[PDB]
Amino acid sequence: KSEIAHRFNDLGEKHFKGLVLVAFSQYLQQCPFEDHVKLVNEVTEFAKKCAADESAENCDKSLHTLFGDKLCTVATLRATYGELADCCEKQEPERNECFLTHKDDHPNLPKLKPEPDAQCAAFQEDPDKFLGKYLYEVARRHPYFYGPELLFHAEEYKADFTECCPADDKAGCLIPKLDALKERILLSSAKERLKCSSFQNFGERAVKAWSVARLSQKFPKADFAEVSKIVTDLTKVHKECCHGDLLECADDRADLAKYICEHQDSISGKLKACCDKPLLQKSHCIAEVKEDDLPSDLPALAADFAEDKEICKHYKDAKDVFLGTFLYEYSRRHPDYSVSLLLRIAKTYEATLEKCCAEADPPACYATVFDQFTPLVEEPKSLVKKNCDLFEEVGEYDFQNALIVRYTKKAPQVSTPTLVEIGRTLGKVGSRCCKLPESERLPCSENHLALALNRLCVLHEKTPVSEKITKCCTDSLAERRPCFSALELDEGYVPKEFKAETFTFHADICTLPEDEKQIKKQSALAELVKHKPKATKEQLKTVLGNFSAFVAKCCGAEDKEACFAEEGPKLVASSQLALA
């Protein structure tokens, strides 16, 4: 009878409110925390009233009609959300589409600083207000965040403040936990944003293609019907989360985790650990599980996909199924490839059949189809080897700067804080992936790139500035990284006017932590490239090294400001000469 009641019964009071908190935070990102808790409570109260009397007035309304309605009751809508008010004129699902469109990928809120004893204080005072604040903060900063997974992280967050607040040294145990948690939030948010961007830009078939490749790798011992079934369910789960259908999304998630754990013996040996765990941890561990060992009975593949005389008929008869099988098969045996790579291979396979099967002797034509995969494989392998050598030689910061030069050359219209955030995330991929066993480096690298590039496409959606960026972001999901790789120096670009103040430094910088000092330098670097786009990376490395030296000297000076003031302008002009 009543959807609200149903979700309520299923989910429980705790998680139900949790996800309603997240839903709302993600929808209306600028509302005070208070205004959200009261909305959650109100809706939760209605839910209880429905759970007890499902016939009751309005209980039978859809979830979206009910949330939409509550979000439209919110204080100062037109002033606070001028765009959002128009959404309230509209009924469901129109209304919801409207909220979604008008969600903010870059709200640039205050950085979350963990003040350990001020928050340990608030935590003891009221643990529930404390954790719910964290859900709010995190949800509004990452409005497409995997909702269920946030509740999970919010629990780790509890366990941090639980195991650190009584401990005599607060900061020392707390600050690195919280920093690690933030690393994890950011990565998680980027995996999920890539999921939702794919639904929105490429659709369901593309998301399933991605899932089939990835789960085939993760569960190489599960047979095709089983991979199919999981992917079908998983896709549905992320589709609902991506449309803000969070309650529905959590319930389907629980069911799918129950399912996978019923069947774990025909899915993967690695699940055991995850199945002996409480609900949220189990879902998390399934989500993050490592690839199983490859089975000894993997079938040769030449027979079915290359030598068989009937391939065109099967391909013509059941396209998505045939290809699906191929992809399952090629991916089970290739944990050593990025999902992108597998998807590219699958397209070249499809494209070999369309070609061959319209010809005279198709079997003579498709007999060599495996051999077309070779150049697809070597190109990323090189990328990863070459960029890992560089990284191993010069370390994160230099590697980041190399990437900032690269990106600013390709898209000098993008704003400096974007190119710096990107270049930096891209170099963190070095840190993450290059250290790994060699056969692991390609998938780590390209899987991680897909996240940063998608983060770029997302920003570029809001603030479009380069056609070269639009084309890469919109032509093909599987071709994105290669399309990006291939951009050179935009030569239609007109160097940005020189503004000396931008390269002029002051004593303020000296009191910054290392992370932040780099950011200011790295920003100058982008700006150096904007003004001198034909300067080589080597030339810029030397200029910036000149800049670092000067910042370090003046920071260690008696009179930091006079040092900056005397030396800075000479360095600013002479450095222009170094970038011819």
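For every residue, the number given is its place in the sequence shown, counted from 1. Basically, rigid core = biggest C-alpha set you can superpose within 1.5 Å across the two forms.
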After fitting on the rigid core, which stretch moves more in 6 other deposited structures of this protein, 304-312 or 241-249, going by C-alpha RMS? 304-312
Of 371-379 and 161-169, the one with the larger RMS C-alpha deviation from the shown form in 6 other deposited structures of this protein, core-superposed, is 161-169
Quick check on the record: does 115-123 or 210-218 carry the larger mean Cα temperature factor? 115-123
Comparing average C-alpha B factors as deposited, tell me which of 248-256 and 358-366 sits higher. 358-366
Sorting 397, 373, 161, 328 by Cα temperature factor from the record, which one lands on top? 161
In this crystal structure's PDB entry, the residue among 230, 84, 450, 261 with the greatest CA B factor is 84
Within this chain, which third does the Cα B-factor at residue 482 fall in: lowest, middle or highest? lowest
CA B-factor placement of residue 169, once the chain's modelled residues are sorted into thirds: highest
Divide the modelled residues of the chain into thirds by Cα B-factor and specify which third, lowest, middle or highest, holds residue 23. middle
Where the record places residue 557 (Cα B-factor, split into thirds across the chain): highest
According to the PDB entry, is the CA B factor of residue 30 in the bottom, middle or top third of its chain, that is, lowest, middle or highest? highest
